[PDB]
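Everything on this sheet refers to the single structure shown next.
Keep in mind that the numbers below use all heavy atoms, side chains included, and drop hydrogens, waters and symmetry copies. Counting from 1, the numbers follow the sequence of the chain as shown. All ligand and atom numbering here is 1-based and tracks the order in the structure.
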Amino acid sequence: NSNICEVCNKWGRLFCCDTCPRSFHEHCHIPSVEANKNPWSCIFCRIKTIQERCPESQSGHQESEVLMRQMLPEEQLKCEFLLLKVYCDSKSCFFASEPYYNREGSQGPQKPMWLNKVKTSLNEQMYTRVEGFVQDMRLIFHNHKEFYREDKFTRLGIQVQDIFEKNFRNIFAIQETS
Ligand SMILES: [Zn+2]
Ligand SMILES: [Zn+2]
Ligand SMILES: [Zn+2]
């Protein structure tokens, strides 16, 4: 196994996957690492199994169809993995916890959003379709862009949204376009 957390790349109290060499802190893994279960497989392994059980799941999809899907177990897992993939980038730190807004010449967004709130929302099964989760994710970056305006800090939101969007297209097998 690895000696660092796959998500935050630090050492500490880790839990090791039984079917791959990754390891995780308890609350870096999503869902949080399960109390018992021996063996234990991590989210990367679970996602791989879904693909291997239904190879045609990797043929192209239209985003519109994906968004309308109900959050049944397999879609729930895929959104948890996509959330995880964002927390894997160190720039997610800017978007994790509840933000506040007091900048000369800007007003705060009408609907604040942050990653830990989405995490909690997924945990408490508050989204009924993929669209719900995707909307909150994109809201995070959109709020950031609107608030920071011409400050170069806006770029952080562009960069982390690019991470989200590449992973979204991969995990949900969105049809490749030019
Ligand atoms: Zn970690
Ligand atoms: Zn694994
Ligand atoms: Zn099949």
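For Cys8 atom SG and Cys28 atom SG, the angle they make at the Zn ion (ligand 1) is roughly 120°, to 10 degrees.
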### Step-by-step side chain to side chain donor-acceptor pair (under 3.5 Å) determination, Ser23 to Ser2
CA-CA 6 Å; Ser23 304; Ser2 179; 5.3 Å; no
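Listed by chain and number, the protein atoms of type N/O/S under 2.8 Å from the Zn ion (ligand 2) are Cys17 SG, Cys20 SG, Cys42 SG, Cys45 SG; waters are omitted.
Counting backbone and side-chain atoms alike, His27 contributes no N/O/S atom closer than 2.8 Å to the Zn ion (ligand 1).
Taking the six-membered ring for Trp and the full ring otherwise, the centers of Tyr148 and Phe153 sit less than 6.0 Å from each other. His29 has its ring centre less than 6.0 Å from the ring centre of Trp40.
Within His25, ND1 is the N, O or S atom that lies nearest to the Zn ion (ligand 1).
Considering CG of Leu14 and CD of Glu26, their distance stands at 11.5 Å, rounded to 0.5 Å.
Using a 30° and 60° split on the angle between ring planes, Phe133 and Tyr127 fall in the perpendicular class, above 60°.
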Which atom pairs, one a donor and one an acceptor, fall under 3.5 Å between side chains of residues 100-112 and the rest of the protein, sequence neighbours left out?
unit_1	atom_1	unit_2	atom_2	d
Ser106	OG	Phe147	O	2.8

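Considering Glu63, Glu74, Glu75 in turn, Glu75 is the only one that fulfils the salt bridge (charged side-chain N to carboxylate O under 4.0 Å, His left out) rule with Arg69.
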